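Enquirer: Protein chains in written order, with the deposited numbering: chain H, 3 to 64; chain J, 69 to 120.
1. Rounded to whole angstroms, how far is the Cβ of residue 63(H) from the Cβ of residue 85(J), which I believe are closer than 8 Å?
2. Look up residue 110(J) in the DSSP assignment and say whether it is helix, strand or coil.
3. Just tell me which of 43(H), 58(H), 60(H), 59(H) has its CA closest to the CA of residue 70(J).
4. According to a CB-to-CB cut-off of less than 7 Å, which residues of the stretch 73-93 of chain J neighbour chain H?
5. For chain J, find out if any of its Cβ atoms is closer than 8 Å to the Cβ of residue 56(H); answer yes or no.
6. Between residue 113(J) and chain H, is any beta-carbon pair separated by less than 8 Å?
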């Protein structure tokens, strides 16, 4: 039959789509974690700068 | 995070100065107390070089 052909045609597209769309929902979850990570790394860098500078200022004053 | 780090630093840039003041004044006294004993000797050296 012609109908036994057709059911294999949907079940084929509808797995490719759902693997593509779990390869976007994975990729985003990665890039966002590495984003979140880097936005606290940069937060680390700032704190040092502002404390190293500050201690020198208060020393020179005294 | 920055919020709890700015006030931290403020309280340390008060602690640091507070100790500097205590040394400074005690070492100001140490330049007074050192002189006032070796005081007649200075006046002697001065006098001795004005009156020729």
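We treat Cβ as the ideally placed atom computed from N, Cα and C, and that holds for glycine.
Expert: Checking against the coordinates, here is how it stands:
1. Separation of the CB atoms of residue 63(H) and residue 85(J) is rounded to 7 Å, and the pair is thereby assigned contact status at 8 Å.
2. helix
3. 43(H)
4. 73, 77, 81, 84, 85, 88
5. yes
6. Output row for residue 113(J): interface = no.
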